[PDB]
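Below you'll find the structure, written out as structure tokens, and then a few comments.
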Amino acid sequence: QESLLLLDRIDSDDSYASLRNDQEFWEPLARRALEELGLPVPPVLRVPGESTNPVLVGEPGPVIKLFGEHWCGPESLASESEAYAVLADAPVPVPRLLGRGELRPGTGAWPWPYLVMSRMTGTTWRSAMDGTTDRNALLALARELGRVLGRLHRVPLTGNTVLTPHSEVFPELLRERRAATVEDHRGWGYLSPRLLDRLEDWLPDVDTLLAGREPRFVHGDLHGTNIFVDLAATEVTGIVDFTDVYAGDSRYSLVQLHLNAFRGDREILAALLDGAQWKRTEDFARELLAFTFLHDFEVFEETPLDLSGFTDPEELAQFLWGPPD
Ligand SMILES: CN[C@H]1C[C@@H](N)[C@H](O)[C@@H](O[C@@H]2O[C@H](CO)[C@H](O)[C@@H]3O[C@]4(O[C@H]23)O[C@H]([C@@H](N)CO)[C@H](O)[C@H](O)[C@H]4O)[C@@H]1O
């Protein structure tokens, strides 16, 4: 009975943003959900941090990921559902779907559908990197991640809507971001106004950047906490969050991986590329700067590098995506 008022308390974007990771709010709902699926209920069940969707982890138990109506929940749910269908036998360490359901019927109100998956072992990439001064082990781990990403890119695109060879979702997103990126970066204030004034002429056409490229399985949100590793064993133990997946260009994967998980470290980027035998071209840095601007997210939000005071976006491209010094 509590669920009716509790779920009715979310009716706007701001109202959903304030309660998406409210543990006191979601804990009883998540326990009832697990009971509804016939799954054992963990004694501890906690909201592990800032998630776009409401997420709770059981201490032994599984991961519950709920999807709202506001924060692109429906689209993200469709994407992750299709991705879990496509990843059924992928040679990549991903979680297994333990169940799915809806909290309430869903005719006049939002049904609040949810997925339940297995828990990945290891530590996040973010933790492992923030807790080591052993750069050699980190680079070896990055090469292993390069191998894993090379295999992930080649998972066959057997989906129905987003993960098909002929899907247009990724180019359409890229054109939309090509339109909005310069004003976005003016509002965000990561770079100098001169570079932003040169940007609109510097950036290429989407059709030109994507010409002749083959589609890959592109995880578009490879930040530091969607990747689970065992640093001591040089093992990638998990890759999660398929709410932003595309049949897209392999280079797009690198943006969030490098600017967020790698913190912009060009040496770690080089190790990752070495692991995948991803050969660098002359325009590689400029292409990846273009993909940096065409990304859906604010990828600079986590880059511990001051990019203000930058003219000649070519220099910015060489700085962010160039080879190691
Ligand atoms: C086709 N694009 C959408 C695809 C959805 N699967 C995303 O969930 C949605 O993104 C989310 O949108 C909601 C609003 O509907 C919030 O904006 C969330 O906040 C965002 O987008 C988040 O979180 C992102 C990441 N931090 C998510 O891990 C970036 O920070 C973005 O700049 C930031 O707006 C994208 O826009």
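Identifiers in the structure tokens: chain A, B, ... in order shown; residue index from 1 per chain; ligand index from 1 in order shown.
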Given only C-alpha atoms, how would the per-residue table for segment 37-85 of chain A near segment 119-131 of chain A read, listing every residue at most 8 Å away with its closest atom pair and distance in Å to one decimal, sorted by chain and number, as JSON lines?
{"residue": "A:61", "atom": "CA", "partner": "A:119", "partner_atom": "CA", "distance": 7.3}
{"residue": "A:62", "atom": "CA", "partner": "A:119", "partner_atom": "CA", "distance": 5.5}
{"residue": "A:63", "atom": "CA", "partner": "A:119", "partner_atom": "CA", "distance": 6.2}
**Report entry** 7 Å shell around ligand 1 using only C-alpha atoms and all ligand atoms, listed as a PyMOL selection string
**Finding:** chain A and resi 51-52+70-73+75-76+173+221+243-244+296-298
List as a tab-separated table (two decimals) with N, CA, C and O atoms, in the first residue's frame the protein and nucleic acid residues near segment 175-189 of chain A, meaning an atom at most 7 Å away when only C-alpha atoms are counted, but skip any in the same chain fewer than 3 places from it.
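That gives us part34.tsv:
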chain	number	residue	atom	x	y	z
A	171	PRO	N	24.16	7.52	-35.69
A	171	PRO	CA	24.39	8.73	-36.50
A	171	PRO	C	23.44	9.87	-36.16
A	171	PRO	O	23.85	11.04	-36.19
A	172	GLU	N	22.18	9.57	-35.86
A	172	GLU	CA	21.23	10.62	-35.50
A	172	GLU	C	21.63	11.31	-34.21
A	172	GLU	O	21.59	12.55	-34.11
A	196	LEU	N	36.21	27.83	-28.69
A	196	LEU	CA	34.80	27.58	-28.95
A	196	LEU	C	34.33	28.32	-30.20
A	196	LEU	O	33.46	27.81	-30.93
A	199	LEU	N	35.47	26.33	-33.05
A	199	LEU	CA	34.95	24.96	-33.04
A	199	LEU	C	33.99	24.70	-34.20
A	199	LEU	O	34.15	23.71	-34.93
A	200	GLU	N	32.99	25.56	-34.38
A	200	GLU	CA	31.93	25.28	-35.35
A	200	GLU	C	32.47	25.09	-36.76
A	200	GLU	O	31.90	24.33	-37.54
A	206	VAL	N	29.01	14.92	-39.63
A	206	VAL	CA	28.82	13.58	-39.09
A	206	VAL	C	28.97	12.53	-40.18
A	206	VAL	O	29.64	11.51	-40.00
A	293	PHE	N	33.62	15.92	-28.80
A	293	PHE	CA	32.58	16.94	-28.88
A	293	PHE	C	31.23	16.35	-29.27
A	293	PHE	O	30.19	16.87	-28.84
A	294	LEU	N	31.20	15.28	-30.05
A	294	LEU	CA	29.94	14.68	-30.47
A	294	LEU	C	29.38	13.68	-29.46
A	294	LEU	O	28.38	13.03	-29.76
A	295	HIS	N	29.98	13.55	-28.29
A	295	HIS	CA	29.48	12.62	-27.29
A	295	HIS	C	28.20	13.15	-26.65
A	295	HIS	O	27.97	14.35	-26.57
A	296	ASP	N	27.35	12.22	-26.20
A	296	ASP	CA	26.08	12.59	-25.60
A	296	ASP	C	26.24	13.24	-24.22
A	296	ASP	O	25.37	14.01	-23.80
Report summary line: Here atom CA of residue 261 of chain A and atom CA of residue 135 of chain A stand apart by 14.8 Å
Report task. Mind checking which residues fall within 10 Å of residue 68 of chain A, counting only C-alpha atoms, ignoring those fewer than 3 positions away in the same chain, and posting them as a list in words? Result ->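 Final neighbour list, sorted by chain and number: residues 7, 10, 16, 20, 52, 53, 54, 71, 72, 73, 74, 76, 77, 110, 111, 112, 113 and 114 of chain A.
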Applying 8 Å and only C-alpha atoms, which residues near residue 291 of chain A remain after dropping the ones on its own chain fewer than 6 positions away? List them as a PDB file with C-alpha atoms, in the first residue's frame.
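Below you can see part-v5.pdb, which holds the result:
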ATOM      1  CA  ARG A 251      36.175   5.251 -31.556  1.00  0.00           C
ATOM      2  CA  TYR A 252      33.109   6.477 -29.618  1.00  0.00           C
ATOM      3  CA  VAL A 255      35.754   8.908 -25.150  1.00  0.00           C
TER       4      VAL A 255
END
Query raised in the report: Which one is closest to residue 307 of chain A: A:170, A:190, A:228, A:284? Count only C-alpha atoms.
Result: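 For residue 307 of chain A, the nearest of the given residues is A:190.
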Report task. Any chance you could list, as a ChimeraX atom specification, the residues in segment 127-236 of chain A that come up strand (DSSP E or B) when DSSP is run on the backbone? Result -> /A:216-219,227-230,235-236
Requested in this report: Would you mind telling me which residue in A:266, A:258, A:100, A:153 lies nearest to residue 223 of chain A when using only C-alpha atoms?
Outcome: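 Looking only at the distances to residue 223 of chain A, the closest residue turns out to be A:258.
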Report summary line: Here atom CA of residue 38 of chain A and atom CA of residue 99 of chain A stand apart by 9.5 Å
